[PDB]
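J.: Handing you this structure, nothing more for now.
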Amino acid sequence: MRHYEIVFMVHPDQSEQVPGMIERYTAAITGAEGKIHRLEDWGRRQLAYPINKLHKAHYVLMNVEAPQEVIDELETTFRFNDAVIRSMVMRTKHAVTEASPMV
Amino acid sequence: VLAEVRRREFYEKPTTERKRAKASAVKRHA
Amino acid sequence: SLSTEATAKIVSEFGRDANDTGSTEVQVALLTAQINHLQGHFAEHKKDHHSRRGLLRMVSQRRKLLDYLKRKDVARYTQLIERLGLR
Amino acid sequence: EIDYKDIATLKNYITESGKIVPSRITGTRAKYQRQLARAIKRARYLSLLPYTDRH
Amino acid sequence: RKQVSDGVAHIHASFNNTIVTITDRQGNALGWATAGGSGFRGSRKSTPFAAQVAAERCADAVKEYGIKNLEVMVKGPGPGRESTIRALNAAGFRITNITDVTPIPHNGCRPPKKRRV
Amino acid sequence: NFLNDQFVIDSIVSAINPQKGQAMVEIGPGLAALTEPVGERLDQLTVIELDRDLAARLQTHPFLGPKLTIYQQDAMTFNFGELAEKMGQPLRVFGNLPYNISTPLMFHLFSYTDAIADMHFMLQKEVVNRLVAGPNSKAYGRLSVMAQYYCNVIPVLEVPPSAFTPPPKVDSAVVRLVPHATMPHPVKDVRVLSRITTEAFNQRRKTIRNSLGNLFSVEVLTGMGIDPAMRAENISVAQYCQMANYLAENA
RNA sequence: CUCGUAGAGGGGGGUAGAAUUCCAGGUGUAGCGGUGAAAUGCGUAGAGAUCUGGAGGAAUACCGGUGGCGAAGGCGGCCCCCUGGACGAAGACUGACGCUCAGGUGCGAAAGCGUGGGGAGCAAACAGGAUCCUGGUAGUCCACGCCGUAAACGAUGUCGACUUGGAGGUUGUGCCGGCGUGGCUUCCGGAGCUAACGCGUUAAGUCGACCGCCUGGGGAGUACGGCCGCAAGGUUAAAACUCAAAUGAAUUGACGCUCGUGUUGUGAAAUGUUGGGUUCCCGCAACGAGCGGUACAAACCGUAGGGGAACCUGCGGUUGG
Ligand SMILES: [Mg+2]
Ligand SMILES: [Mg+2]
Ligand SMILES: [Mg+2]
Ligand SMILES: [Mg+2]
Ligand SMILES: [Mg+2]
Ligand SMILES: [Mg+2]
Ligand SMILES: [Mg+2]
Ligand SMILES: [Mg+2]
Ligand SMILES: [Mg+2]
Ligand SMILES: [Mg+2]
Ligand SMILES: [Mg+2]
Ligand SMILES: [Mg+2]
Ligand SMILES: [Mg+2]
Ligand SMILES: [Mg+2]
Ligand SMILES: [Mg+2]
Ligand SMILES: [Mg+2]
Ligand SMILES: [Mg+2]
Ligand SMILES: [Mg+2]
Ligand SMILES: [Mg+2]
Ligand SMILES: [Mg+2]
Ligand SMILES: [Mg+2]
Ligand SMILES: [Mg+2]
Ligand SMILES: [Mg+2]
Ligand SMILES: [Mg+2]
Ligand SMILES: [Mg+2]
Ligand SMILES: [Mg+2]
Ligand SMILES: [Mg+2]
Ligand SMILES: [Mg+2]
Ligand SMILES: [Mg+2]
Ligand SMILES: [Mg+2]
Ligand SMILES: [Mg+2]
Ligand SMILES: [Mg+2]
Ligand SMILES: [Mg+2]
Ligand SMILES: [Mg+2]
Ligand SMILES: [Mg+2]
Ligand SMILES: [Mg+2]
Ligand SMILES: [Mg+2]
Ligand SMILES: [Mg+2]
Ligand SMILES: [Mg+2]
Ligand SMILES: [Mg+2]
Ligand SMILES: [Mg+2]
Ligand SMILES: [Mg+2]
Ligand SMILES: [Mg+2]
Ligand SMILES: [Mg+2]
Ligand SMILES: [Mg+2]
Ligand SMILES: [Mg+2]
Ligand SMILES: [Mg+2]
Ligand SMILES: [Mg+2]
Ligand SMILES: [Mg+2]
């Protein structure tokens, strides 16, 4: 059970169901005895370079402390979800609860 | 950007560039 | 490597007390625990020749300690290899 | 210590084209230069900063 | 034929030839010219003067469109990069901006071995 | 590049051992440093050269004047079969040509169907060794197969670099090629044979089941008594002729 | 053993961006390409050029550094899983458990091979055009097996101790930018050492332990035999015969002029007469005097190939350029 920083962006046309996505991902966190330290939904942003003819993406910053197996399930469904077009899971040394520079 | 095309236009053996880098390093000592 | 809780458990069992960590039995037990754990790792990864160098160091070091323990006191040596299922 | 999510700080260490400025110009320490470079690479992946200006 | 009045000029300045192509914002070609198509061959084709008259031929070819403003994007490292720009500016076309579009790999493909002369 | 050592030239002429009554033709006399010692022992000596001033000099030579017949045309495009019937005898050739163009000329001479009695030439030691060497050796190659199919190769003398002026950095050797009166292993088409040799020796370190995979199958090779587990350099000239005949018959 | 630190350390799986090539479509229409100049080649069936879309393989610009990591060979996008080593602080604990190693075992660049995939670029060979150019097969890539060789080099075996010092990089940590205390690393240099070059606390200084290896050049790391390998070959390893040298380092010359003394160097020799300015001045280990790349006496290493071979080419490595 380690601390992992997870960032993923959602297709702008599907931004309405982003809160629905958050709960299901968080449900797997709480269900696996994991503690979600901080979450910061950045909403739509401007992409530096276009990807798949998209100029804006719904950035979601999530910091999670959870074991590896639940994270593996979390990353597998990211690849199988069409709403998210880019994902990044980063292991952190220590849990951090602080406001991001983006907010 | 013209200095990089001069380097990337023709392939250079990796041992060749390594010696030039060493030669440049010892040249800057004065 | 080996977990601190796993290391502490082995120290408590084989060692006389918690402070005692350098005893011959404790070191062999810690080495044996890591050696056995790595067996699953190297079975999956046959191309990791750099880590296998570290594994051989544990096996070679464990051999030296067992020889030293056997040369000094055979009684606790046999009592340890039978406890550890070695030799 | 550096954060890949701080776009304002990172852009101080990139050129107009997007290339990383060398440590010898800014005079930053070796340890933070590696952290800055790695942080910028993560920022490029998340489309926070561009790789080049020719996108 | 058609009236656009605004386009972007692509210049391919290699070490053997220079190509000037006039295209619109969408990227559809309108008229092109090359230094080698103007009677310059061998060493003469690789001269900046060959590109200088090549741009004028391209301006003559695209004069039907009545283009005023154009964007010059330099591609290739060979000589003649500046000569085409001067001719386009001296032909009456208004210079908007100049940018470099030389493709630079990020250590992608192995390049051909250097010729030994 | 020319030759200055006299005893080397004396050894060459003695090695050739010319006589009278039979036709001999020299390719590219040049300065005629070698044409002089052979123009005294022959009644009618023919030469082929591409220089006008040198030909005029040879025509005015006191010793080599009446004995010389100059041909001012390219030797590679020359038709050597006409001179054989013109003199009513097989030709004898002693080229001593530059190594750059000597190899194509030898194969050009091989194509006139044994119309030449003998061919003496100066080549590199490596080139000469390749012609002579048999299978199961590094020197053996596709040049060897196409060489000893037509003629028999016999090394005469290795020429040190000091003999030539200016002395080059590599050795030299004079070799005599004797075309076979009867082919020990005749073939139906040398183009097929050349195609096989250039196919096997392109990849001469792999087993012949891989280098000749696009032409022969495993059963075909075993059907001819050829082990597919042998390298190209292990295959004798006879087997190469055997495969060439088989390929022409079956394709 | 506890805490913590940095790192292209290793293995496996993903993903991103630039670029190359090809494919489809649109705009667009005569060249493109290449060279000293050309031609083969590519092109009215529509190229090159431009925009968009897709496929595919390989490699990771900048950062990047006489930077880092690894026993060596080697190791550079980002992310996750597994894993080795190192270092620092403060203790606890074991109580010589150590060092070095013939055989042995594993590891081991590039090239090469076996089986099956993959194949964009590059490219031995090959084919063609010229007097290098076009095209392009193996190969480079992947899985597994083999090969076990390099100028695999710091041409310096491993381990330990002791011995003047400066400047810098790189990672720790203690105290109040200063101030010490560690590890690795770069340059300069003292004694000392060395034939000289040079090395010089990371020794080629001063000693101890053990292992490997050499005793003229060529023949030759070749033959034979053994062992290993599918082969290429690798390893172990001569003799006959021949030459009286081969070689290292440094010096003096080639490609106005000397002496005396002194000084430097084991020495050949240099200094004087090496520099600045204008015969002259000044500086000056000199002071005064008399006068007017060389194999000379790019190269190489390992491997693979050659049918335009007076040698040349592909791959990696070395500076002994
Ligand atoms: Mg940390
Ligand atoms: Mg590329
Ligand atoms: Mg060879
Ligand atoms: Mg790594
Ligand atoms: Mg793998
Ligand atoms: Mg032609
Ligand atoms: Mg054609
Ligand atoms: Mg594909
Ligand atoms: Mg650089
Ligand atoms: Mg670099
Ligand atoms: Mg290190
Ligand atoms: Mg680690
Ligand atoms: Mg570790
Ligand atoms: Mg005790
Ligand atoms: Mg005690
Ligand atoms: Mg041994
Ligand atoms: Mg290996
Ligand atoms: Mg191996
Ligand atoms: Mg290989
Ligand atoms: Mg293979
Ligand atoms: Mg294959
Ligand atoms: Mg290929
Ligand atoms: Mg033709
Ligand atoms: Mg070529
Ligand atoms: Mg191909
Ligand atoms: Mg090509
Ligand atoms: Mg081919
Ligand atoms: Mg193949
Ligand atoms: Mg082996
Ligand atoms: Mg060796
Ligand atoms: Mg080296
Ligand atoms: Mg050695
Ligand atoms: Mg020491
Ligand atoms: Mg020093
Ligand atoms: Mg010594
Ligand atoms: Mg001897
Ligand atoms: Mg041998
Ligand atoms: Mg065997
Ligand atoms: Mg055998
Ligand atoms: Mg043998
Ligand atoms: Mg043997
Ligand atoms: Mg001296
Ligand atoms: Mg003295
Ligand atoms: Mg001395
Ligand atoms: Mg030199
Ligand atoms: Mg070689
Ligand atoms: Mg090379
Ligand atoms: Mg090396
Ligand atoms: Mg030597």
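In the structure tokens, chains take letters A, B, ... by order of appearance, with residues numbered from 1 within each chain and ligands from 1 in the order shown.
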Please return, as a list in words, all residues of range 75-104 of chain E that DSSP assigns to strand (DSSP E or B) on the basis of the backbone.

T.: residues 75, 94, 95, 96, 97, 98, 99 and 100 of chain E

J.: Give me, as an MDAnalysis selection string, the set of residues whose atoms come within 9 Å of any atom of ligand 35, counting only C-alpha atoms (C1' of nucleotides) and all ligand atoms.

T.: chainID G and resid 193:194 204

J.: If you count only C-alpha atoms (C1' of nucleotides) and all ligand atoms, which residues end up within 12 Å of ligand 5, as number ranges by chain?

T.: C: 44-48; G: 11-13, 142-144

J.: Env of residue 26 in chain B: 12 Å cut, atoms = only C-alpha atoms (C1' of nucleotides), seq-sep filter 4 positions within chain, self excluded. Answer as JSON, numbers by chain.

T.: {"B": [19, 20, 21, 22, 30], "G": [66, 186, 187]}

J.: For the residues in that selection, give me N, CA, C and O atoms (P, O5', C5', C4', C3', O3' and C1' of nucleotides) as a PDB file, in the first residue's frame.

T.:
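Listing of result.pdb after writing:
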ATOM      1  N   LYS B  19      35.472  10.837 -29.544  1.00  0.00           N
ATOM      2  CA  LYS B  19      36.806  11.426 -29.544  1.00  0.00           C
ATOM      3  C   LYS B  19      36.744  12.939 -29.727  1.00  0.00           C
ATOM      4  O   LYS B  19      37.504  13.680 -29.093  1.00  0.00           O
ATOM      5  N   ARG B  20      35.848  13.415 -30.596  1.00  0.00           N
ATOM      6  CA  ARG B  20      35.693  14.855 -30.783  1.00  0.00           C
ATOM      7  C   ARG B  20      35.206  15.528 -29.507  1.00  0.00           C
ATOM      8  O   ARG B  20      35.639  16.639 -29.178  1.00  0.00           O
ATOM      9  N   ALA B  21      34.293  14.876 -28.780  1.00  0.00           N
ATOM     10  CA  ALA B  21      33.833  15.425 -27.509  1.00  0.00           C
ATOM     11  C   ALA B  21      34.975  15.521 -26.506  1.00  0.00           C
ATOM     12  O   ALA B  21      35.090  16.513 -25.777  1.00  0.00           O
ATOM     13  N   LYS B  22      35.827  14.495 -26.448  1.00  0.00           N
ATOM     14  CA  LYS B  22      36.999  14.555 -25.579  1.00  0.00           C
ATOM     15  C   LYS B  22      37.965  15.640 -26.034  1.00  0.00           C
ATOM     16  O   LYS B  22      38.554  16.343 -25.205  1.00  0.00           O
ATOM     17  N   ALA B  30      42.272  26.291 -20.705  1.00  0.00           N
ATOM     18  CA  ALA B  30      43.332  27.217 -21.085  1.00  0.00           C
ATOM     19  C   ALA B  30      43.568  28.249 -19.988  1.00  0.00           C
ATOM     20  O   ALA B  30      43.936  27.902 -18.867  1.00  0.00           O
TER      21      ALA B  30
ATOM     22  P     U G  66      31.776  15.973 -20.869  1.00  0.00           P
ATOM     23  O5'   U G  66      32.610  15.192 -19.761  1.00  0.00           O
ATOM     24  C5'   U G  66      34.033  15.184 -19.787  1.00  0.00           C
ATOM     25  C4'   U G  66      34.606  15.166 -18.394  1.00  0.00           C
ATOM     26  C3'   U G  66      34.422  16.458 -17.597  1.00  0.00           C
ATOM     27  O3'   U G  66      34.180  16.145 -16.227  1.00  0.00           O
ATOM     28  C1'   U G  66      36.720  15.933 -17.740  1.00  0.00           C
ATOM     29  P     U G 186      38.685  10.169 -12.495  1.00  0.00           P
ATOM     30  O5'   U G 186      38.877  11.710 -12.850  1.00  0.00           O
ATOM     31  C5'   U G 186      38.197  12.289 -13.954  1.00  0.00           C
ATOM     32  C4'   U G 186      38.490  13.763 -14.082  1.00  0.00           C
ATOM     33  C3'   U G 186      39.954  14.168 -14.010  1.00  0.00           C
ATOM     34  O3'   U G 186      40.659  13.953 -15.219  1.00  0.00           O
ATOM     35  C1'   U G 186      38.686  15.594 -12.632  1.00  0.00           C
ATOM     36  P     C G 187      42.245  13.703 -15.188  1.00  0.00           P
ATOM     37  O5'   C G 187      42.859  15.153 -14.948  1.00  0.00           O
ATOM     38  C5'   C G 187      42.637  16.201 -15.880  1.00  0.00           C
ATOM     39  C4'   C G 187      43.004  17.544 -15.303  1.00  0.00           C
ATOM     40  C3'   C G 187      44.436  17.701 -14.822  1.00  0.00           C
ATOM     41  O3'   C G 187      45.352  17.941 -15.875  1.00  0.00           O
ATOM     42  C1'   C G 187      42.958  18.587 -13.206  1.00  0.00           C
TER      43        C G 187
END

J.: Could you list, as a PyMOL selection string, every residue within 8 Å of residue 32 in chain A, counting only C-alpha atoms (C1' of nucleotides) and ignoring same-chain residues fewer than 6 positions away?

T.: chain A and resi 66-67+70

J.: Mind checking DSSP for range 11-96 of chain E and telling me the helix (DSSP H, G or I) residues as an MDAnalysis selection string?

T.: chainID E and resid 36:38 48:65 81:90

J.: Output the neighbourhood of ligand 34 as an MDAnalysis selection string, that is, all protein and nucleic acid residues with some atom at most 12 Å from the ligand, counting only C-alpha atoms (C1' of nucleotides) and all ligand atoms.

T.: chainID G and resid 165:166 187:190 198:200 203:204

J.: Let me see if you get this right: every residue at most 12 Å from ligand 39, counting only C-alpha atoms (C1' of nucleotides) and all ligand atoms, written as an MDAnalysis selection string.

T.: chainID G and resid 227:231 233

J.: To one decimal place in Å, what is the distance between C1' of residue 77 in chain G and CA of residue 68 in chain A?

T.: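 Distance between the two atoms: 24.8 Å.
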